[PDB]
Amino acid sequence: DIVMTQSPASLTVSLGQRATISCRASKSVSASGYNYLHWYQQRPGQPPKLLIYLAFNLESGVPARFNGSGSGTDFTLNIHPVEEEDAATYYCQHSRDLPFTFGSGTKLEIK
């Protein structure tokens, strides 16, 4: 029963700087050569969008300034350099085994 922890809760960043969000799982989410960790971006009043799947793969239409990385229990999403359109809330979820769980979420604001 894996539990996700996200850090920080919120963070404000200047245009062109870097944002780093961390996710830690209570138990490894690694099997078969994959890391079953995904990142969703959610803007207000809209549902979540998939950004990154299986730890580091960008979904189509997602610019390369998003970099996902990590393995086992510790993962980070980096946004560099941040644009005004990146103000959202970011959530991590694992799919290693049922039941699936998400993180608390990290709210990113821009100046």
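Residue numbers run from 1 along the displayed sequence.
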message: Tell me which stretch, 12 to 20 or 88 to 96, has the higher mean Cα B-factor listed in the entry.
response: 12 to 20
task: Please work out which residue in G45, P48, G33, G70 has the highest C-alpha B-factor recorded for this crystal structure.
output: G45
message: Please say which third, lowest, middle or highest, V29 falls into when its CA temperature factor is compared across its chain.
response: middle
- request: Ordered by C-alpha B-factor within the chain, which third holds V62? Give me lowest, middle or highest, please.
  value: lowest
task: Grab the CA temperature factor for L77 from the record and place it in the lowest, middle or highest third of its chain.
output: lowest
